[PDB]
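Take a look at the structure set out below.
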Amino acid sequence: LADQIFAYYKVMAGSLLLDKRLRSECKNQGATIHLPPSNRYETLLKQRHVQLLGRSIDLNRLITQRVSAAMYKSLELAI
Amino acid sequence: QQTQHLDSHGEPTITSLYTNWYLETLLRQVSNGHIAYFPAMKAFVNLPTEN
Amino acid sequence: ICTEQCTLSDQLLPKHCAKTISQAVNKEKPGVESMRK
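Chains as they are written, first to last, in PDB author numbering: chain S, 706 to 784; chain X, 771 to 821; chain U, 617 to 643, 658 to 667.
This is how it looks when you write it as structure tokens:
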């Protein structure tokens, strides 16, 4: 879940900043860049009461840790 | 001076022209259904209409 | 001079790189004008 959430968010961020004129030109020429399908990960992100065998698990904390690690790795890779 | 609605010499500035264009061509067309607000792209995208 | 510089700069905008992306997916440049033979 953390891996796919990070991947989807990074893809959406990258697509947002992409020039629209370039996308239109590519579509006209026949090289359309497919957009990322939407998702509803926000519901799972806002979950802090996952109950399993009498245990309360803070999924948000684990997702936060995973995304922090992924962001640090991405920054190091860019550098 | 370009930030103000009117320069010292008294002529239209870029800010006023952009405001007028946005209010009379972009937002006006949205009310006609030709344009819609796309929260996914955080921008207004023209609809796939015949026109 | 400002007009010439703007004409030189506009070539760097992303819209001019559509052909390159299309050629790779469906499979003159800046800096040359500054070379002094």
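For every residue, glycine included, the Cβ atom is placed at its ideal position computed from N, Cα and C.
Enclosing beta strand (DSSP E) for residue i [first to last residue]
i	result
residue 648 of chain U	Note on chain U: numbering goes from 643 to 658 directly, and residue 648 of chain U within that interval has no coordinates.
X:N816	813-816
X:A806	805-808
Contact list for residue i against chain U, beta-carbon separation under 8 angstroms
i	result
S:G735	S638, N642
S:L727	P630, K631, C633, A634, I637
Residue i - DSSP class collapsed to helix/strand/coil
i	result
S:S743	coil
S:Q752	coil
U:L628	coil
S:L706	coil
Local Cβ density within 10 Å of residue i, reported as buried at 16 or more and exposed below that
i	result
U:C618	exposed
S:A774	exposed
S:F711	buried
U:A634	buried
S:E730	buried
U:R666	exposed
S:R753	exposed
S:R728	buried
Residue span of the alpha helix (DSSP H) that contains residue i, given as start and end
i	result
S:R760	Here S:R760 belongs to no alpha helix (DSSP H); instead the beta strand (DSSP E) covers 760-762.
S:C731	725-734
X:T785	784-791
U:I637	634-642
X:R798	797-801
Neighbouring residues, chain X, relative to residue i (Cβ below 7 angstroms)
i	result
S:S743	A810
residue 849 of chain S	Lying before the first or after the last residue shown, residue 849 of chain S is absent from chain S, which here runs from 706 to 784.
Integer-rounded CB distance, given that residue j should sit under 8 angstroms from residue i
i	j	result
X:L817	X:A806	6 angstroms
S:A707	S:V772	7 angstroms
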